[PDB]
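To start, the structure itself, in structure tokens.
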Amino acid sequence: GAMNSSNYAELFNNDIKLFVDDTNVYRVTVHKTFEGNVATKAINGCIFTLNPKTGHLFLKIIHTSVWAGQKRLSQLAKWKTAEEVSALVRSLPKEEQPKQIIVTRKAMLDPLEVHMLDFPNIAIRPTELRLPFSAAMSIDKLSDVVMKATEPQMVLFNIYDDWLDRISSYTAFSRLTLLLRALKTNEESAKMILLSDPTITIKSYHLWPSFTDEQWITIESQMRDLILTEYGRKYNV
Amino acid sequence: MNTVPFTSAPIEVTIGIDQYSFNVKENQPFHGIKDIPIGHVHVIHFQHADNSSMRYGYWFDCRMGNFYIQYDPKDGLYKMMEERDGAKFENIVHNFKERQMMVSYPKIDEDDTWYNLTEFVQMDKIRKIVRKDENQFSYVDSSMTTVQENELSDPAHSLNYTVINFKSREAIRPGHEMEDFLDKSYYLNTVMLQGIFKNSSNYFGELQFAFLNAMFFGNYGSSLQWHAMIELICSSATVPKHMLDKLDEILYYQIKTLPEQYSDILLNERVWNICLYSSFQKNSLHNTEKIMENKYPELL
Ligand SMILES: COc1cccc(CC(=O)O)c1
């Protein structure tokens with residue numbers, strides 16, 4: 001059934017599973033036309049497919065050419081997502097294929113179920129968690145590879161950098177969701193927190209700065225403050 | 001005009017014959033139903049006064065043999081049987097008819113309701129859905145499950161309706177996933193009509209039989225089958241024009257006949273709202289939409 005707070009540790013057991021988030025697949029800018037009407041212009045997007053136990057991120061870049069001449073793009077985007085996830089699964093060796101795929105939005109259930117009919121043993125599940133994966137395009141290196149793409153492309157990352165050498169995947173996921181929630185609630189402030197200290201850098205092969213354990217505690221506290229704050233600035237509390 | 005004679009009526013029972021019904025008291029001198037129209041299938045059905053649980057009954061066609069009803073006190077039900085001795089059967093019916101011990105099939109001459117509900121229903125197809133090859137008539141009751149229900153438990157006692165499943169490899173061509181799921185024309189026209197049913201008459205026959213088993217026996221799996229067969233047509237963008245016009249007439253008479261008080265359990269809100277107001281065929285069922293809106297505007 002659905003994934004929620006009660007069965008949360010299931011994410012970090014040894015059954016392979018992927019989260020799929022489609023919120024950045026179809027992206028547009030809305031603008032005025034010379035005649036004063038409104039039109040959209042698509043920009044490159046991405047499917048965010050994440051193994052929460054290992055941090056492995058399969059970032060399928062969606063180039064704007066896939067929308068050329070198509071209608072009902074928001075509906076097509078869900079089926080395109082499901083097509084690409086199905087193709088990714090088929091590309092993996094059998095012992096790497098997931099046993100479950102968790103979709104962050106319930107509208108992905110039928111498109112993914114239909115594309116995975118050949119895989120009756122892979123469970124397709126929704127979730128009650130409100131996960132902040134939409135903020136993935138606030139990670140500079142992910143945004144850069146999406147916007148520079150001139151053709152469809154898959155790029156592999158580890159979204160935990162080297163954190164699993166020092167922490168568990170439960171703790172790594174908690175750190176990731178805190179970082180992404182902060183970037184989603186106040187991107188400018190969050191990025192200021194992450195980079196204010198020029199002596200801490202991002203390794204070429206990493207996404208996040210090379211914080212020590214103690215510095216991560218400070219960083220993590222600064223992100224919680226940001227989130228609670230914004231929740232005040234928003235609601236006036 | 002044919003007759004279904006009865007040995008006796010030892011237990012109080014409500015007896016249905018097609019859309020008609022009458023109450024028989026315990027040990028009442030009731031010996032049959034006469035003046036049954038030739039040319040249609042018929043259903044004779046039962047609900048005991050003491051256990052309204054289990055409506056049950058028999059589909060039959062008097063052109064196929066001489067059938068009589070007799071109460072079995074061991075199995076506790078009214079059973080249909082076939083008499084092979086024709087002279088004997090004619091003689092039994094003639095005796096009951098002279099003593100005026102039978103009720104008359106009470107067809108009004110203007111009234112085409114039963115024809116309209118059974119237009120495409122054939123006894124040979126009923127007997128493939130309800131498998132009991134040693135009899136020419138077919139038993140159905142409230143509890144019998146369908147082949148599809150059993151996949152999701154006795155096979156001999158099942159309703160072998162054609163399995164319809166919109167999220168199945170049969171319904172979805174590799175590479176046309178979105179296309180075939182959002183427009184079921186392939187599944188309707190190639191897989192089901194050309195492939196399985198062979199023609200629309202056989203499709204409509206199974207649809208009509210499923211409705212009638214839902215209405216007369218409260219058979220839940222038959223109700224599921226009826227709605228699935230409607231939804232498959234309404235969710236197809238490409239349907240022969242004659243099929244849509246005929247479907248409108250079929251459903252009109254089914255909705256007209258449905259007991260007003262069973263609409264809550266025999267009509268699926270989602271299917272009907274989708275079919276009448278969202279589907280490809282939302283503008284193609286004028287008669288059905290008008291009777292639904294005037295008779296059951298709450299469901300919608
Ligand atoms: C009650 O109607 C009929 C007709 C044919 C045979 C029988 C059974 C009998 O022989 O008693 C009953």
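Residue numbering restarts at 1 for every chain, and letters A, B, ... go by the order of the sequence lines. Atom set for the values below is all heavy atoms of this structure, side chains included, hydrogens, waters and symmetry mates excluded.
The parts of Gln75(A) that come within reach of chain B are both its backbone and its side chain, each placing non-hydrogen atoms under 4.5 angstrom from that chain.
Counting non-hydrogen atoms of other residues, nucleotides and ligands closer than 6.0 Å to OH of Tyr8(A) gives a total above 12.
Within residues 181-201 of chain B, the residues approaching chain A closer than 4.5 Å by heavy atoms are, in numerical order, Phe181(B), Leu182(B). Heavy-atom proximity under 4.5 angstrom to chain A picks out nothing from residues 271-300 of chain B. Contacts between residues 165-172 of chain B and chain A, defined by a heavy-atom separation under 4.5 Å, are made by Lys167(B), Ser168(B), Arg169(B), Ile172(B). Interface residues of residues 94-122 of chain A toward chain B, defined by a heavy-atom distance below 4.5 Å and sorted by number: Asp110(A), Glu113(A), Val114(A), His115(A), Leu117(A), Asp118(A).
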